[PDB]
Protein chains: 2
Amino acid sequence: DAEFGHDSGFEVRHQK
Amino acid sequence: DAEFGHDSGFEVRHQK
Ligand SMILES: [Zn+2]
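Below or above, wherever it landed, is the structure these notes cover. Along every chain, residue numbers run from 1 in sequence order, not necessarily as the entry numbers them; residues that have no coordinates are omitted. Throughout, the order in which chains and ligands are written sets their labels, letters from A for the former and numbers from 1 for the latter. Values reported for side chains reflect all heavy atoms of the structure, with hydrogen atoms and water molecules removed beforehand.

Notes on the coordination of the zinc ion
A donor here means any N, O or S atom no more than 2.8 Å from the metal (3.2 Å for Na, K and Ca); water is not included, so a site may seem to lack partners. Within the protein, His-6 of chain A (ND1), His-14 of chain A (NE2), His-6 of chain B (ND1) and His-14 of chain B (NE2) serve as the donor atoms for the zinc ion, at 2.1 Å. Geometry at the zinc ion is tetrahedral, judged from the 4 donor atoms that bind it and their angles of 106 to 115° at the metal. Here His-6 of chain B matches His-14 of chain B in class, with each residue buried. Donor angles set the geometry label: tetrahedral for four donors if every angle is between 85 and 135 degrees, square planar for four and octahedral for six if opposite donors exceed 155 degrees and the others are between 65 and 115, irregular for anything else. Categorising residues by exposure relies on relative accessible area from a 1.4 Å probe, with only protein chains included: less than 20% of the type maximum marks a residue as buried, more than 50% marks it as exposed, and the intermediate range marks it as partly exposed.

Considering the interface of chain B and chain A
Contacts between the two partners involve 11 residues from chain B, matched on the other side by 10 residues from chain A. As used here, buried area is the combined drop in accessible area, with a 1.4 Å probe, of two parts when they are placed together. By the criterion of area lost to chain A, the three top residues of chain B are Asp-1, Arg-13 and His-14 of chain B, representing 45% of everything that side buries. Throughout this description, the term salt bridge denotes a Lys or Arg side-chain nitrogen within 4 Å of a carboxyl oxygen of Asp or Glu. The tally of links from chain B across to chain A stands at 0 salt bridges. We define a polar contact as two N or O atoms separated by no more than 3.5 Å, with the added condition that, inside protein, one atom must be a possible hydrogen donor and the other a possible acceptor, whereas residues neighbouring each other in sequence contribute only through side-chain atom pairs. Between the two partners, chain B and chain A, sit 12 residue pairs in polar contact. Contact criterion: two residues are considered in contact whenever any of their non-hydrogen atoms come within 4.5 Å of each other.

What about the environment of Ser-8 of chain B?
Owing to a relative accessible area of 5%, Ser-8 of chain B belongs among the buried residues under this scheme. The contact partners of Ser-8 of chain B, leaving out residues within four places of it in the chain, are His-14 of chain A together with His-14 and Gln-15 of chain B. One polar contact links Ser-8 of chain B to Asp-7 of chain B, side chain to side chain, over a distance of 2.9 Å.

This is how it looks when you write it as structure tokens:
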């Protein structure tokens, strides 16, 4: 699991 | 899941 904080994060950092 | 590539991403971007 991770999506409770993970949207994406690859160059753009986490947006939520 | 996203943990297979998620280590973080909040300030540093994704490292895994
Ligand atoms: Zn992430």
